[PDB]
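One structure is given here, and the rest of the page talks about it.
Bear in mind that the values in this text are calculations on the coordinates, not laboratory data. Here the Cβ positions follow ideal geometry from the backbone for every residue, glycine too, while neighbour counts run over all protein chains shown.
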Amino acid sequence: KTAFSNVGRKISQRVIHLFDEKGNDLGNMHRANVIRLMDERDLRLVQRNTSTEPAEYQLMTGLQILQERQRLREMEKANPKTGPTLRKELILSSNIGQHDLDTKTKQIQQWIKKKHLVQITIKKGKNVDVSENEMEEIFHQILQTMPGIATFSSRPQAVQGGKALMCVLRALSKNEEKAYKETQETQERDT
RNA sequence: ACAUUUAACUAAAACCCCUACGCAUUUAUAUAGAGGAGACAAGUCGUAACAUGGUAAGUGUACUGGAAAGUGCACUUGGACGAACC
Ligand SMILES: [K+]
Ligand SMILES: [Mg+2]
Ligand SMILES: [Mg+2]
Ligand SMILES: [Mg+2]
Ligand SMILES: [Mg+2]
């Protein structure tokens, strides 16, 4: 998270690859020499590219710093590209009541619907002996509620010496969805 | 609706009406189904309250929500503010 704003007269790094306001490459210069050009022409320096190992800073007028972000405000509006995926977690118990399982199963539908990743964990019920046969039958029982909407990303594993099972769900991908749709029609319509 | 008749040298005889009660009305029981409260017990999800209970609590009202509840507006103390200046 950054913004196209002036860095000020406090530079952390001694050597900077300074750039002119008109786009000319002034070349690497000492940190002190950078501030002299900020006063001689009353200009503010903005870090254009952080990624490069050599520091890159461009000195431009305040009006030029307004037009720049005014364009980053349109490019993102025109073509927004926010793809981070949130991860949600649930920790159930083998002996979880159905009423609580329908409440937690409806919460997974809201997350899936928001393209989130739902990590579900199941643990042995309080002083209850149970294997992994019916302890893994809760995932299939939750996934069934979301037939086409959801699919496994990971699969059940013995996270803690078998006393727990962990799975991760995701919203079905567009292509996968279309494939599911196609299959659904054949079973009923063709018959 | 219904009618003064016979009789009368002692005096008597004769008498006999038709309409109501209902698909009205009162109350209660029984029955499909739905839903409360309580006892027993203390499974499931949380942790709402009691300590400034971890966002002080509560009243009334409104909206909202798996659930205790949450929030807004006004009100209360059945909260507090540490009690000389500095
Ligand atoms: K409260
Ligand atoms: Mg509490
Ligand atoms: Mg509280
Ligand atoms: Mg209140
Ligand atoms: Mg709310």
Of all DSSP beta bridges with both partners in segment A:28-144, the antiparallel percent, nearest 5, is 35 percent
Counting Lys and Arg as +1 and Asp and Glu as -1, each charge on the Cβ, what is the dipole of segment A:85-191 about the Cα centre in debye, to the nearest 20? 660 debye
Cβ-placed point charges (K, R +1; D, E -1), dipole of chain A about Cα centre in debye, nearest 20: 780 debye
Calculated from backbone phi, Karplus (6.51, -1.76, 1.60) coupling profile of segment A:169-183 in Hz, x at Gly/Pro: 10, 9, 6, 4, 5, 2, 4, 3, 3, 3, 4, 4, 3, 3, 5
Cleavage-rule hits, trypsin sites (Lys or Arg not before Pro), segment A:46-105, DSSP coil, Cβ neighbours within 10 Å at most 13: A:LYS81
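Quick check: net charge around A:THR145, other residues with Cβ under 13 Å of its Cβ, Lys/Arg +1 and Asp/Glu -1? Display every interim value, and only then the final one.
Numbers: positive: A:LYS104, A:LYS106, A:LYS113; negative: A:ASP102.
Here the charged neighbours net out to +2.
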Of the GluC sites (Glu not before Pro) in segment A:81-171, those whose Cβ has at most 16 other Cβ within 10 Å and which sit in DSSP loop: A:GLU132, A:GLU134, A:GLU136
How large is the convex hull of the Cα atoms of chain A per residue, expressed in Å³ as a whole number? 222 Å³
With label points built 7 Å along Cα→Cβ from the Cα atoms of A:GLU177 and A:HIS99, find their separation and express it in nm. 3.5 nm
For A:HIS99, A:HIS116, A:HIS140, what ranking results if the residue with the fewest other Cβ atoms within 10 Å of its Cβ goes first? A:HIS99, A:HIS140, A:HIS116
Using the beta-carbon distance between A:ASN33 and A:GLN64 and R0 = 25 Å, what value does 1/(1 + (r/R0)^6) give for FRET efficiency, to the nearest 0.05? 0.70
Quick check for me: using +1 on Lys/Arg Cβ and -1 on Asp/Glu Cβ, what's the dipole size of segment A:1-84 about its Cα centre, in debye to the nearest 20? 320 debye
Let me make sure I get this right: for segment A:51-150, a, b and c are the square roots of the gyration tensor eigenvalues over alpha carbons, sorted descending. Under 1.5 in a/c it's rounded, otherwise prolate if a/b > b/c, else oblate. Which is it? prolate
Estimate the FRET efficiency between A:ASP190 and A:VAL159 by the formula 1/(1 + (r/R0)^6), using the beta-carbon distance for r and 41 Å for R0, to the nearest 0.05. 0.45
